[PDB]
$ cat structure.txt   # compact mmCIF, N, CA, C and O atoms
# COMPACT_ATOMS: atom_id res chain seq x y z
N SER I 1 190.20 78.11 68.46
CA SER I 1 190.37 76.71 68.84
C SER I 1 189.26 75.83 68.30
O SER I 1 189.49 74.67 67.95
N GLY I 2 188.05 76.36 68.20
CA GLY I 2 186.97 75.62 67.61
C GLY I 2 187.13 75.53 66.12
O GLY I 2 187.94 76.23 65.52
N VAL I 3 186.38 74.60 65.52
CA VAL I 3 186.38 74.42 64.08
C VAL I 3 185.21 75.16 63.44
O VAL I 3 185.08 75.16 62.21
N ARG I 4 184.37 75.83 64.24
CA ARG I 4 183.16 76.47 63.72
C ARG I 4 183.50 77.54 62.68
O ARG I 4 182.78 77.70 61.68
N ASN I 5 184.60 78.25 62.87
CA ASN I 5 184.88 79.38 62.00
C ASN I 5 185.28 78.92 60.62
O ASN I 5 184.79 79.43 59.60
N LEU I 6 186.15 77.91 60.56
CA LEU I 6 186.47 77.30 59.29
C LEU I 6 185.22 76.73 58.64
O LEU I 6 185.12 76.70 57.41
N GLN I 7 184.28 76.25 59.45
CA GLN I 7 183.04 75.73 58.90
C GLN I 7 182.25 76.82 58.20
O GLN I 7 181.72 76.59 57.09
N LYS I 8 182.29 78.06 58.71
CA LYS I 8 181.62 79.13 57.98
C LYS I 8 182.32 79.42 56.67
O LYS I 8 181.64 79.65 55.65
N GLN I 9 183.65 79.48 56.69
CA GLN I 9 184.37 79.79 55.46
C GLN I 9 184.03 78.77 54.39
O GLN I 9 183.66 79.15 53.27
N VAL I 10 184.27 77.48 54.67
CA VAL I 10 184.09 76.47 53.63
C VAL I 10 182.66 76.46 53.13
O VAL I 10 182.42 76.19 51.95
N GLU I 11 181.69 76.77 54.02
CA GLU I 11 180.31 76.93 53.56
C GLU I 11 180.24 77.97 52.47
O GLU I 11 179.62 77.75 51.41
N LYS I 12 180.79 79.16 52.76
CA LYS I 12 180.73 80.27 51.82
C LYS I 12 181.31 79.88 50.47
O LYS I 12 180.71 80.15 49.42
N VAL I 13 182.48 79.23 50.49
CA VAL I 13 183.13 78.84 49.24
C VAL I 13 182.23 77.92 48.45
O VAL I 13 182.10 78.05 47.22
N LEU I 14 181.61 76.96 49.13
CA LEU I 14 180.79 75.98 48.42
C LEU I 14 179.62 76.66 47.77
O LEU I 14 179.29 76.40 46.61
N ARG I 15 178.92 77.49 48.53
CA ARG I 15 177.71 78.12 48.00
C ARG I 15 178.04 79.06 46.83
O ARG I 15 177.26 79.13 45.86
N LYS I 16 179.19 79.73 46.86
CA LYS I 16 179.58 80.49 45.67
C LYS I 16 179.82 79.56 44.50
O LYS I 16 179.52 79.91 43.35
N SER I 17 180.38 78.38 44.77
CA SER I 17 180.55 77.42 43.69
C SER I 17 179.20 77.00 43.12
O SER I 17 179.07 76.79 41.91
N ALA I 18 178.20 76.89 43.99
CA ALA I 18 176.88 76.50 43.51
C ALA I 18 176.34 77.55 42.55
O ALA I 18 175.76 77.22 41.50
N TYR I 19 176.57 78.81 42.89
CA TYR I 19 176.18 79.88 41.98
C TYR I 19 176.96 79.84 40.68
O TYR I 19 176.41 80.12 39.61
N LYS I 20 178.24 79.47 40.74
CA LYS I 20 179.00 79.34 39.51
C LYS I 20 178.54 78.18 38.65
O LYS I 20 178.73 78.22 37.43
N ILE I 21 177.92 77.16 39.24
CA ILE I 21 177.45 76.05 38.43
C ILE I 21 176.12 76.40 37.78
O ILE I 21 176.04 76.50 36.55
N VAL I 22 175.09 76.61 38.60
CA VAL I 22 173.71 76.56 38.09
C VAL I 22 173.44 77.65 37.07
O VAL I 22 172.64 77.46 36.14
N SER I 23 174.08 78.81 37.22
CA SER I 23 173.95 79.93 36.29
C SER I 23 175.28 80.42 35.77
O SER I 23 175.34 80.98 34.67
N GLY I 24 176.33 80.28 36.56
CA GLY I 24 177.59 80.87 36.19
C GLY I 24 178.21 80.23 34.96
O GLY I 24 177.54 79.53 34.19
N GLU I 25 179.52 80.38 34.83
CA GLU I 25 180.14 79.99 33.57
C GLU I 25 180.56 78.54 33.73
O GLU I 25 180.11 77.68 32.97
N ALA I 26 181.45 78.28 34.67
CA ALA I 26 182.06 76.97 34.77
C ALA I 26 181.00 75.92 35.09
O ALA I 26 180.09 76.17 35.89
N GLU I 27 181.10 74.78 34.44
CA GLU I 27 180.36 73.59 34.83
C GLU I 27 181.07 72.83 35.94
O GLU I 27 180.47 71.91 36.51
N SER I 28 182.32 73.19 36.26
CA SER I 28 183.09 72.52 37.30
C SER I 28 184.06 73.55 37.87
O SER I 28 185.13 73.78 37.31
N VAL I 29 183.65 74.20 38.96
CA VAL I 29 184.55 75.15 39.61
C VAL I 29 185.74 74.37 40.14
O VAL I 29 185.60 73.24 40.62
N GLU I 30 186.91 74.98 40.05
CA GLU I 30 188.17 74.38 40.51
C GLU I 30 188.83 75.45 41.36
O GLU I 30 189.52 76.32 40.82
N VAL I 31 188.63 75.41 42.68
CA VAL I 31 189.27 76.42 43.51
C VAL I 31 190.77 76.17 43.50
O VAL I 31 191.24 75.03 43.56
N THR I 32 191.52 77.25 43.39
CA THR I 32 192.96 77.32 43.53
C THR I 32 193.28 78.50 44.42
O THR I 32 192.45 79.41 44.53
N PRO I 33 194.43 78.49 45.14
CA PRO I 33 194.71 79.60 46.07
C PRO I 33 194.71 80.94 45.39
O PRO I 33 194.24 81.94 45.96
N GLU I 34 195.21 80.98 44.17
CA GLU I 34 195.13 82.21 43.40
C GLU I 34 193.66 82.53 43.10
O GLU I 34 193.26 83.69 43.12
N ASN I 35 192.84 81.50 42.85
CA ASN I 35 191.43 81.76 42.66
C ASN I 35 190.78 82.23 43.94
O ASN I 35 189.84 83.03 43.89
N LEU I 36 191.32 81.79 45.09
CA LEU I 36 190.56 81.76 46.33
C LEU I 36 190.11 83.14 46.74
O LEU I 36 188.98 83.32 47.24
N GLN I 37 190.98 84.12 46.55
CA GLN I 37 190.73 85.47 47.01
C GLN I 37 189.48 86.05 46.35
O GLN I 37 188.90 86.99 46.88
N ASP I 38 189.13 85.56 45.17
CA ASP I 38 187.86 85.89 44.56
C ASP I 38 186.79 85.49 45.56
O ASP I 38 186.05 86.33 46.08
N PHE I 39 186.70 84.18 45.80
CA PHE I 39 185.56 83.61 46.51
C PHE I 39 185.45 84.15 47.93
O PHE I 39 184.40 84.67 48.32
N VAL I 40 186.53 84.05 48.71
CA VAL I 40 186.50 84.37 50.14
C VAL I 40 187.13 85.73 50.42
O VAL I 40 187.32 86.10 51.58
N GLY I 41 187.46 86.49 49.39
CA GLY I 41 187.95 87.84 49.53
C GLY I 41 189.40 87.82 49.94
O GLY I 41 190.08 86.79 49.98
N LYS I 42 189.87 88.97 50.26
CA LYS I 42 191.27 89.21 50.57
C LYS I 42 191.59 88.74 52.00
O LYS I 42 190.69 88.67 52.84
N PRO I 43 192.84 88.36 52.30
CA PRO I 43 193.17 87.96 53.68
C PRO I 43 192.96 89.07 54.70
O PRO I 43 193.23 90.24 54.41
N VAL I 44 192.48 88.69 55.90
CA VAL I 44 192.26 89.67 56.95
C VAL I 44 193.46 89.58 57.89
O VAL I 44 194.28 90.50 57.92
N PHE I 45 193.62 88.49 58.63
CA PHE I 45 194.72 88.36 59.57
C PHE I 45 195.91 87.74 58.86
O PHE I 45 195.75 86.89 57.99
N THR I 46 197.09 88.18 59.23
CA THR I 46 198.29 87.45 58.86
C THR I 46 199.31 87.60 59.97
O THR I 46 199.98 86.63 60.34
N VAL I 47 199.44 88.81 60.52
CA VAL I 47 200.64 89.15 61.26
C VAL I 47 200.34 88.77 62.70
O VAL I 47 200.13 89.65 63.55
N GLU I 48 200.24 87.47 62.95
CA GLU I 48 199.95 86.92 64.27
C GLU I 48 201.02 87.45 65.21
O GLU I 48 202.15 87.67 64.76
N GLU F 1 168.04 79.32 65.70
CA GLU F 1 167.19 78.27 65.14
C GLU F 1 166.60 78.73 63.83
O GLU F 1 166.34 77.92 62.93
N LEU F 2 166.39 80.05 63.69
CA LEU F 2 165.94 80.57 62.41
C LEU F 2 167.10 80.46 61.44
O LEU F 2 166.93 80.01 60.30
N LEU F 3 168.28 80.91 61.87
CA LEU F 3 169.40 81.16 60.97
C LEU F 3 170.27 79.93 60.75
O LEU F 3 171.20 79.99 59.94
N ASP F 4 170.02 78.83 61.46
CA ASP F 4 170.80 77.62 61.25
C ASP F 4 170.46 77.09 59.86
O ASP F 4 169.27 76.93 59.57
N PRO F 5 171.43 76.89 58.95
CA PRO F 5 171.07 76.51 57.57
C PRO F 5 170.27 75.22 57.48
O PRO F 5 169.39 75.11 56.62
N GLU F 6 170.54 74.25 58.37
CA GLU F 6 169.86 72.97 58.36
C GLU F 6 168.64 72.99 59.27
O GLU F 6 167.60 72.44 58.90
N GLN F 7 168.72 73.65 60.43
CA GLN F 7 167.64 73.57 61.40
C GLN F 7 166.54 74.57 61.12
O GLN F 7 165.50 74.51 61.78
N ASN F 8 166.73 75.48 60.16
CA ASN F 8 165.59 76.29 59.78
C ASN F 8 164.54 75.40 59.10
O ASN F 8 163.35 75.72 59.11
N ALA F 9 165.00 74.30 58.47
CA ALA F 9 164.13 73.47 57.66
C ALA F 9 163.06 72.80 58.51
O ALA F 9 162.06 72.31 57.96
N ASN F 10 163.31 72.62 59.81
CA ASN F 10 162.38 72.04 60.77
C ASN F 10 162.23 72.96 61.97
O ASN F 10 162.29 72.52 63.12
N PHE F 11 162.04 74.25 61.74
CA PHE F 11 161.79 75.16 62.84
C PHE F 11 160.45 74.86 63.48
O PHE F 11 159.47 74.58 62.79
N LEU F 12 160.38 74.99 64.81
CA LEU F 12 159.13 74.88 65.55
C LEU F 12 159.19 75.91 66.67
O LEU F 12 160.26 76.27 67.15
N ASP F 13 158.01 76.38 67.06
CA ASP F 13 157.85 77.40 68.08
C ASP F 13 156.72 77.05 69.03
O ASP F 13 155.80 76.31 68.66
N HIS F 14 156.81 77.56 70.28
CA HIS F 14 155.97 77.03 71.35
C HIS F 14 154.49 77.25 71.07
O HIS F 14 153.66 76.48 71.57
N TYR F 15 154.14 78.34 70.37
CA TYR F 15 152.73 78.65 70.14
C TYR F 15 152.16 77.50 69.32
O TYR F 15 151.36 76.72 69.84
N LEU F 16 152.55 77.40 68.04
CA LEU F 16 152.06 76.35 67.16
C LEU F 16 153.16 75.30 67.06
O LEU F 16 154.23 75.57 66.50
N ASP F 17 152.92 74.14 67.67
CA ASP F 17 153.99 73.17 67.87
C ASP F 17 154.55 72.67 66.55
O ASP F 17 155.71 72.25 66.49
N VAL F 18 153.72 72.67 65.49
CA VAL F 18 154.02 71.91 64.27
C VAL F 18 155.29 72.45 63.63
O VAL F 18 155.49 73.68 63.62
N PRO F 19 156.24 71.61 63.18
CA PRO F 19 157.44 72.18 62.56
C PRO F 19 157.05 72.92 61.29
O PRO F 19 156.16 72.49 60.55
N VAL F 20 157.73 74.03 61.04
CA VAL F 20 157.60 74.75 59.80
C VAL F 20 158.81 74.38 58.96
O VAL F 20 159.78 73.81 59.46
N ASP F 21 158.77 74.69 57.66
CA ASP F 21 159.88 74.39 56.76
C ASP F 21 160.22 75.68 56.04
O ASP F 21 159.61 76.03 55.02
N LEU F 22 161.22 76.37 56.57
CA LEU F 22 161.61 77.67 56.08
C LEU F 22 162.70 77.60 55.01
O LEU F 22 163.21 78.65 54.63
N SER F 23 163.06 76.38 54.57
CA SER F 23 164.33 76.17 53.87
C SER F 23 164.42 77.02 52.61
O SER F 23 165.51 77.45 52.22
N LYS F 24 163.28 77.28 51.97
CA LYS F 24 163.23 78.05 50.74
C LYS F 24 163.26 79.55 50.98
O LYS F 24 163.40 80.30 50.01
N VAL F 25 163.06 80.00 52.23
CA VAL F 25 163.00 81.43 52.50
C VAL F 25 164.39 81.98 52.20
O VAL F 25 165.39 81.27 52.34
N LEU F 26 164.46 83.25 51.80
CA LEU F 26 165.73 83.92 51.56
C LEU F 26 165.74 85.02 52.61
O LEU F 26 165.27 86.13 52.35
N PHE F 27 166.27 84.72 53.79
CA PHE F 27 166.30 85.71 54.84
C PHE F 27 167.30 86.81 54.52
O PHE F 27 168.27 86.60 53.78
N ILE F 28 167.06 87.99 55.09
CA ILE F 28 167.98 89.12 55.00
C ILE F 28 167.91 89.80 56.36
O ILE F 28 166.87 89.80 57.03
N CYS F 29 169.04 90.39 56.76
CA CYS F 29 169.18 91.02 58.06
C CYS F 29 170.01 92.29 57.92
O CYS F 29 170.91 92.34 57.09
N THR F 30 169.68 93.31 58.71
CA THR F 30 170.22 94.66 58.55
C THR F 30 170.70 95.14 59.90
O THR F 30 169.94 95.11 60.88
N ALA F 31 171.95 95.54 59.96
CA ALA F 31 172.58 96.02 61.17
C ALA F 31 173.48 97.16 60.77
O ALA F 31 174.13 97.12 59.72
N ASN F 32 173.45 98.22 61.57
CA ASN F 32 174.20 99.42 61.26
C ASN F 32 175.71 99.26 61.38
O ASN F 32 176.45 99.96 60.68
N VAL F 33 176.18 98.39 62.26
CA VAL F 33 177.61 98.17 62.49
C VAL F 33 177.83 96.69 62.75
O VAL F 33 176.97 96.03 63.34
N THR F 34 178.89 96.13 62.18
CA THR F 34 179.08 94.69 62.30
C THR F 34 179.75 94.25 63.61
O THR F 34 179.76 93.05 63.88
N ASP F 35 180.28 95.17 64.42
CA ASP F 35 181.11 94.72 65.54
C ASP F 35 180.32 94.29 66.77
O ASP F 35 180.67 93.30 67.42
N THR F 36 179.25 95.02 67.09
CA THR F 36 178.44 94.75 68.27
C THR F 36 177.70 93.41 68.22
O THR F 36 177.37 92.85 69.27
N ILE F 37 177.43 92.89 67.02
CA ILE F 37 176.64 91.66 66.91
C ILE F 37 177.42 90.51 67.54
O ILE F 37 178.65 90.44 67.35
N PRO F 38 176.79 89.65 68.36
CA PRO F 38 177.56 88.58 69.00
C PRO F 38 178.15 87.63 67.98
O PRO F 38 177.60 87.41 66.90
N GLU F 39 179.32 87.12 68.33
CA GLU F 39 180.16 86.32 67.43
C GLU F 39 179.43 85.13 66.81
O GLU F 39 179.58 84.94 65.59
N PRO F 40 178.70 84.27 67.55
CA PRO F 40 178.06 83.11 66.89
C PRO F 40 177.10 83.49 65.79
O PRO F 40 176.88 82.70 64.86
N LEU F 41 176.38 84.59 65.95
CA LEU F 41 175.49 85.03 64.88
C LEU F 41 176.26 85.71 63.77
O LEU F 41 176.04 85.44 62.58
N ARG F 42 177.20 86.58 64.15
CA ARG F 42 178.00 87.34 63.20
C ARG F 42 178.88 86.48 62.31
O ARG F 42 179.13 86.85 61.16
N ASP F 43 179.37 85.34 62.79
CA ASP F 43 180.34 84.57 62.01
C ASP F 43 179.76 83.87 60.79
O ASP F 43 180.52 83.56 59.87
N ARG F 44 178.46 83.59 60.76
CA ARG F 44 177.92 82.84 59.63
C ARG F 44 177.84 83.72 58.40
O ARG F 44 178.45 83.44 57.36
N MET F 45 177.07 84.78 58.52
CA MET F 45 176.67 85.61 57.40
C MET F 45 177.76 86.53 56.87
O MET F 45 178.63 87.00 57.61
N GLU F 46 177.70 86.79 55.56
CA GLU F 46 178.59 87.75 54.92
C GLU F 46 178.20 89.18 55.28
O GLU F 46 177.02 89.51 55.40
N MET F 47 179.21 90.04 55.47
CA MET F 47 179.01 91.42 55.91
C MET F 47 179.35 92.37 54.76
O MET F 47 180.46 92.90 54.68
N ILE F 48 178.39 92.59 53.87
CA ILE F 48 178.51 93.59 52.82
C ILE F 48 178.31 94.99 53.39
O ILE F 48 177.55 95.19 54.34
N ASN F 49 178.94 95.97 52.74
CA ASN F 49 179.05 97.35 53.21
C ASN F 49 178.58 98.39 52.21
O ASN F 49 179.32 98.80 51.31
$ encode --input "structure.txt" --output "structure tokens"
Amino acid sequence: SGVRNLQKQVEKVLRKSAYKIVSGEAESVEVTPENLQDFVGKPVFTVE
Amino acid sequence: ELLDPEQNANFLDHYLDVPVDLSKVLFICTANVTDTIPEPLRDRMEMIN
């Protein structure tokens, strides 16, 4: 019910993007859902 | 207060009142199992295995 957990996720995605900028390849990371599983890994819950 | 990404930058403790600025520190933490750790602490950090 809280938004704290999504706040952790989006943090993680951003900071990985920071690594992709300053040293990584892309000068402009473009997250896409197909890309997403890279950054935040594979889905954990689905079958509510 | 240590592990808060923003509030580590102005950490203070009762002994020496003066705020410290830990923002540049690269903390690391080690736990044998990820389940016992309480949720508010456990939810921030990545759990590599």
$ interface_residues --input "structure.txt" --of "chain F" --to "chain I" --cutoff "8 Å" --atoms "all atoms listed in the file" --output "list in words"
residues 43, 44 and 45 of chain F
$ atom_distance --input "structure.txt" --atom1 "atom N of residue I:20" --atom2 "atom N of residue I:41"
14.5 Å
$ closest_residue --input "structure.txt" --among "I:48, I:16, I:3, I:43" --to "residue I:29" --atoms "all atoms listed in the file"
I:16
$ closest_residue --input "structure.txt" --among "F:17, F:49, F:34, F:40" --to "residue F:4" --atoms "only C-alpha atoms"
F:40
$ atom_distance --input "structure.txt" --atom1 "atom C of residue F:27" --atom2 "atom CA of residue I:10"
19.7 Å
$ select_by_dssp --input "structure.txt" --residues "chain I" --states "alpha helix (DSSP H)" --output "PyMOL selection string"
chain I and resi 4-22+33-40
$ atom_distance --input "structure.txt" --atom1 "atom C of residue I:34" --atom2 "atom CA of residue I:21"
18.1 Å
$ residues_around --input "structure.txt" --residues "residue F:10" --least-positions-apart "5" --cutoff "6 Å" --atoms "only C-alpha atoms" --output "ChimeraX atom specification"
/F:19-21
